[PDB]
Amino acid sequence: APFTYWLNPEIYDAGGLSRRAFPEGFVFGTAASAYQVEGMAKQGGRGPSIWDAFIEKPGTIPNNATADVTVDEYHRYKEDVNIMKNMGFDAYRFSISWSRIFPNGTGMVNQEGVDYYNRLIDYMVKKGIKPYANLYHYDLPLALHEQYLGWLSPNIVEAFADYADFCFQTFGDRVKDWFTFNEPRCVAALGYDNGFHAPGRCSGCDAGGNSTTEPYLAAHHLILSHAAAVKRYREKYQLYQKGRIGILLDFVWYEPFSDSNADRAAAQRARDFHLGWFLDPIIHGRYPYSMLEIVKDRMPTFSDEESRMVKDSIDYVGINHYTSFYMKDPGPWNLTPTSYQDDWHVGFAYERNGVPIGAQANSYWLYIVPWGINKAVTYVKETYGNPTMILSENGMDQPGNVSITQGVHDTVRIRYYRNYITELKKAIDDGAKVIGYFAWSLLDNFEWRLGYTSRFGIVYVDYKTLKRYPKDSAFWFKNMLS
Ligand SMILES: OC[C@@H]1[C@@H](O)[C@H](O)[C@H](O)c2nccn21
């Protein structure tokens, strides 16, 4: 419809933002993941992942949609990179599909898979887009899950390190910025606490599991796998390739509902279980105190050697930040362990004095709370010794069921980005060592359990034709970044 092409004046209101408002060399980019954008899930030599198996169960994804094709970046990568360049972005964080490189997780390399990533990276470099390569975004090769239950076995650690090592050796001559994992908290909690994500394990889940122990086991092995991969990079590659390696951690801002000691403690406890679970080991070589005291024997311990390997195993930390909630003390605690989520012993709140903390996006979990990004970045600065940070994801979603015509006029997303980036700038002006910002995501894509019912892109994708239509938010970035 002709209204698709109405010029939204919001595009040109940058709210005082520009590159001059950020540090010299500050990177702006977009982020996506292999499974969510590539397609060719069962082609090109790619081995099955745990999500290929998980999606097979009817009812798992709305309308039984799959990511077998999704937005087909496998074939359309030049177009996508061209849009990124045209909108003024400096960088693209993509992920490498483990099972596209090693169909069964180990051993035989799938050369067709290697050739794909080589094409993608060479084109990015040609067009002057900086590659940031994440090694893992939820896509464990099914064979490793079948062999020894994947993240639940110590066997996975060296399996991951070998895969990482291969990637460094193969792609590290042009990829200078690496991440080991996207959101290991999500991998552990959604995969093994409530089974919402693959492999769908939890207490009483059809696939089996134990919510009291398995999340902590998976998280422990993810931390070890991260540190073993970083060891490979540091000992064999870093000096020659002159790149950097880190990890991507989700961080919801938890704000005390009131200034009571109990509510402040509740908020800290939520931070500990959400972020500290991974960041305390990396920065201090130990788990958070609250977690140790609450979870006790159900949390694995690091050997002295492991602790040394894990501590300072990053050159920077990616903070994936979207939203904030209020946190309350929930009263006396139940003494019987039931789940990781229950181990937090906190109460969530979404409003205070009849006022919502913010408007909701399409996603049930996503509340629009711009001030939260400032508090979250300041918290990491003050708590973890002013580490080098990348704000590695930020964005919001519309319903999937919107047309091209209305889908492109995403004024709410412009406001989201203007406000959140403004609040991030305040944190940086106050001393936070943030070196980059990445929007989730360039394209509308396969949104895990929500399938195609959620649209996170700054570029609309018609799923019938796979044609791209930049939304007003993409043009907002284009104007702001120029
Ligand atoms: O929900 C939108 C996106 C996901 O598509 C993706 O897994 C990303 O890593 C992420 N972290 C928090 C939210 N999101």
Side-chain angles (χ1 to χ4, degrees), residues 29-39 49-51 54-55 60-62 65-67 70-71 73 92-98 132-140 179-191 194 196-198 222 226 246-254 274-275 277-278 317-325 360-369 372-373 376 390-400 410 412-413 416-417 420 436-459 461 463 471 473:
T30 68
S33 81
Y35 206 67
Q36 290 177 277
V37 305
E38 274 176 10
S49 76
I50 54 167
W51 273 86
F54 190 60
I55 288 170
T60 305
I61 311 304
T66 75
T70 174
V71 297
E73 186 163 276
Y92 172 41
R93 186 260 289 194
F94 61 96
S95 85
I96 299 171
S97 167
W98 188 345
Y132 284 65
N134 174 37
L135 297 170
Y136 188 84
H137 202 133
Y138 309 168
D139 44 355
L140 183 79
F179 302 104
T180 49
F181 290 98
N182 183 85
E183 303 183 359
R185 197 210 71 86
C186 190
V187 174
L190 271 45
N194 72 350
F196 192 56
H197 282 196
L222 290 155
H226 160 77
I247 197 167
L248 306 153
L249 306 173
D250 53 297
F251 187 28
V252 171
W253 178 250
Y254 301 106
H274 192 120
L275 179 70
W277 196 8
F278 301 93
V317 60
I319 301 297
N320 293 351
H321 178 84
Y322 291 82
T323 194
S324 305
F325 315 119
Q360 298 180 67
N362 172 263
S363 281
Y364 55 88
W365 57 267
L366 209 170
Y367 286 80
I368 300 165
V369 192
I373 196 159
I390 295 159
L391 206 299
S392 44
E393 284 182 20
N394 185 232
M396 56 128 83
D397 60 338
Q398 292 155 296
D410 57 347
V412 60
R413 184 172 285 107
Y416 186 94
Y417 284 125
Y420 273 75
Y437 173 90
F438 287 75
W440 186 276
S441 187
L442 178 76
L443 303 168
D444 294 339
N445 61 54
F446 173 80
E447 179 51 23
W448 301 113
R449 281 300 288 277
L450 308 187
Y452 303 99
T453 69
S454 156
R455 285 180 183 279
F456 271 93
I458 56 164
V459 177
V461 176
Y463 291 119
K471 310 186 185 173
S473 60

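This chain uses plain numbering: 1 for the first residue, then up along the sequence. When a ligand or atom number is given, it counts from 1 through the structure's own listing order. Side chains included, hydrogens not; waters and symmetry mates left out as well; all remaining heavy atoms used.
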*Asks:* List ligand 1 atoms under 4.0 Å from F456, heavy atoms only on the residue side.
*Replies:* 1 (O), 2 (C)

*Asks:* For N320 and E183, test the side chains for any donor-to-acceptor distance below 3.5 angstrom and give the result as yes or no.
*Replies:* yes

*Asks:* Around atom 7 (O) of ligand 1, find the nearest protein heavy atom and jot down its residue, atom name and distance.
*Replies:* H137 NE2, 2.9 Å

*Asks:* Among protein heavy atoms, which lies nearest atom 12 (C) of ligand 1, and at what distance?
*Replies:* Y322 CE1, 3.2 Å

*Asks:* Does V252 reach the side chain of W365, with side-chain heavy atoms less than 4.5 Å apart?
*Replies:* no

*Asks:* List the steps and the verdict of side-chain contact (heavy atoms from CB on, under 4.5 Å) for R93 and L248.
*Replies:* CA-CA 11 Å; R93 186 260 289 194; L248 306 153; 3.5 Å; yes

*Asks:* Among all protein heavy atoms in this structure, tell me which lies nearest to atom 1 (O) of ligand 1, with the distance rounded to 0.1 Å.
*Replies:* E447 OE2, 2.5 Å

*Asks:* I'd like to check which ligand 1 atoms, numbered from 1 as shown, lie under 4.0 Å from a non-hydrogen atom of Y138.
*Replies:* 7 (O)

*Asks:* Please report which non-hydrogen protein atom sits nearest to atom 10 (C) of ligand 1, along with the residue it belongs to and the distance in Å to one decimal place.
*Replies:* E393 OE1, 2.9 Å

*Asks:* Tell me, which protein residue and heavy-atom name are nearest atom 11 (N) of ligand 1, and how many Å apart are they?
*Replies:* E183 OE2, 2.6 Å

*Asks:* Side chains of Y416 and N394: donor-acceptor distance under 3.5 Å anywhere?
*Replies:* yes

*Asks:* So, does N182 sit close enough to ligand 1 that a heavy atom of it is under 4.0 Å from the ligand?
*Replies:* yes

*Asks:* Give the numbers and elements of all ligand 1 atoms closer than 4.0 Å to a heavy atom of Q36.
*Replies:* 4 (C), 5 (O), 6 (C), 7 (O)

*Asks:* Tell me if the centroids of the rings in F438 and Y132 come within less than 6.0 Å of each other.
*Replies:* yes

*Asks:* Mind checking whether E38 and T70 have side chains closer than 4.5 Å, heavy atoms only?
*Replies:* no

*Asks:* Which of the numbered atoms in ligand 1 are under 4.0 angstrom from any heavy atom belonging to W365?
*Replies:* 1 (O), 13 (C)

*Asks:* Look at the rings of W448 and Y138 and say which category their plane angle falls in: under 30° parallel, 30 to 60° tilted, over 60° perpendicular.
*Replies:* tilted

*Asks:* Is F446 touching ligand 1 with its side chain, its backbone, both, or neither, if touching means heavy atoms under 4.0 Å apart?
*Replies:* neither

*Asks:* How about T30 and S441: do any of their side-chain heavy atoms sit closer than 4.5 Å?
*Replies:* no

